[PDB]
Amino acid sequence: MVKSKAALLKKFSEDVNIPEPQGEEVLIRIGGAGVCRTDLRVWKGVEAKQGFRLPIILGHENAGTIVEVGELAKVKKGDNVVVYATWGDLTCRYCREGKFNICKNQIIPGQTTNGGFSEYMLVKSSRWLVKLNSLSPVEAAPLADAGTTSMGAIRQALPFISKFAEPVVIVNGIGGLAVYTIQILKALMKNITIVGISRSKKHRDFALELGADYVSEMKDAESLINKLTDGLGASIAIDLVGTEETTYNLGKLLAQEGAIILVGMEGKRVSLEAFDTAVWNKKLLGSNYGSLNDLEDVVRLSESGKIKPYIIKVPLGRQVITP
């Protein structure tokens, strides 16, 4: 058993011990553990997935170096890896399609078991590790959540975007997720027009820096999108905020058949106008995290120079805890 310095969540406002790996398990030395809006919802005790219990080391957005292995892990000590965060039960019909992210008995380091705000972290199986060929664990850490979630959301969006020669895609909420959502869209789709929506001028400026073509307050978005699309509307809106008001307003900006990809869940509920949605065949599609292939893909885009990290190192854009 290995000693490790961590940050513990004990009540909703130092040095721990970590078991040695057996079977397929792997022990890693954390290089980076990203800080999510999800950590703050757990921190504030407004979100608790199955198996959650106190205390717990938070941090579900993790990269580092392999230091010890069980006899069945089949991985190389010294390799840098990013940790896929949603460890499915492997048995259910979702896991049997690689949809570990929507397994209802998933184990999540930092959300339901000990995570990355710690020197060392146990990983249940090497099957959850994606190799970093050249990207640093610190820069790679956000890919384990913000990156993968952005990719999974974009993949749901693609058929809606590909229907048009010059589609407008709305990205609502410019924070950690928008870093990856905007850059991934521009990396893949050469003829897309991205519109960034936020209430903060600072955030709108940042969306432009990330690669948004236009930015807007929500109230001004219709007049802009009308002009950009000759009244057609947006192909997709990726909602990184997810409140009653964001989805309602986004839905109305969509062209017929268009979709909101719901990633954010800051509100208790989401809402849509019944007439606009039913009459024009509009859609809302929930998106939680992504597949192992999605994580592989964002690592590859990053290592090939197509995505740039915007990270803020924080000693124990996106913030990253190092160690």
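A residue's number is simply how far along the shown sequence it sits, counting from 1.
The segment from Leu316 to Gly317 is interrupted, since 10 or more residues of the deposited sequence in that interval carry no coordinates. Missing deposited residues between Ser304 and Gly305: none, as the chain runs unbroken there.
Mean CA temperature factor is higher for 230-238 when stretches 230-238 and 69-77 are set side by side in the entry. The deposited model assigns a higher average Cα B-factor to 41-49 than to the other stretch when 286-294 and 41-49 are compared.
Within the selection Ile28, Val279, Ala255, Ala33, the deposited Cα B-factor values reach their highest point at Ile28. For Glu244, the recorded CA B-factor ranks within the middle third of the chain. Only modelled residues enter the ranking. Per the deposited record, the Cα B-factor of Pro142 falls in the highest third when ranked against the other modelled residues of its chain.
Looking at the C-alpha B-factors along this chain, the one for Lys11 belongs to the lowest third. In the PDB entry, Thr86 places in the middle third of its chain by CA B-factor. Per the PDB record, residue ranking by Cα B-factor puts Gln183 in the lowest third of the chain.
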